């Protein structure tokens, strides 16, 4: 044991906890200055004793060297697409079809309702709690290795906040740029005669395609986790909301507007509430993602492969 290894371990634990409070809880227990005091105290100490420097330390988010290009990553579990609706009647028909298709329909039929963020879908792998890899969705089967870019995102933890992390956990979410960040970026890019972005989605896309993680770090990007891919060495909750709550309890950012709604009429109230709140969120959304909350019912309903919307095979008993 040394005093150095101990004060580095203590600084790291304290800083990760403050990052959680600030980013995930939105309830920091200390001022921004106090966090910074300890941050650059850890950074200096690590540089004075580089033998105790760790790859997942809060000070190691940004690569010093710009990359040559992005490698391609084939997802172990493919990243699926979403069905869409454009009206109340259309949404009700989607629900009436689920009601008929289920063996046993429960009363109530609970839905996990979330805002649909207007960002870029990503996959982040944590191996024994440590961030090792991150990929763009790409075409749902193959994507690009953006690990260095994802590591710069302030609300993305380099290590899970748990003493018993899964053997492997793949977190799936949307990377996006809030309005304030988007406005500052364009004001800076205008005042420095550089490329301005038409909308926050385009700014987030361009920032994640940046080969120099030093530029991505200057881009005000945010992750909101929506799902889980690989999950080994853990018994995941049996509902979708509880899985998002579990992700949040181990340090992962999830959207705070998520709610549970029983039946289509409650689900439609949520949709109208998010539509009215839309003008005050501080980030772009283009709809609401409505999911069957019970995991066993999701497994029963399963998925539909790439198929036309104009045909159906009505099978005989």
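Positions refer to the first chain, counted from 1.
- If you average the C-alpha B-factors over 192 to 200 and over 213 to 221, the higher value belongs to 192 to 200.
- Relative to one another, 249 to 257 and 63 to 71 have unequal mean CA B-factors, and 63 to 71 is the one with the higher figure.
- Looking only at 149, 162, 123, 141, the residue with the top Cα B factor in the deposited structure is 141.
- Highest C-alpha temperature factor among 30, 38, 281, 44 per the entry: 281.
- Annotation for residue 263: CA B-factor lies in the highest third of the chain's modelled residues.
- Among all modelled residues in this chain, the alpha-carbon of residue 19 has a temperature factor (C-alpha) in the lowest third.
- In the PDB entry, a CA B factor belonging to the lowest third of its chain's modelled residues is recorded for residue 57.
- In the PDB entry, a CA B factor belonging to the highest third of its chain's modelled residues is recorded for residue 51.
- Remark: residue 241 belongs to the lowest third of its chain, ranked by C-alpha B-factor as recorded.
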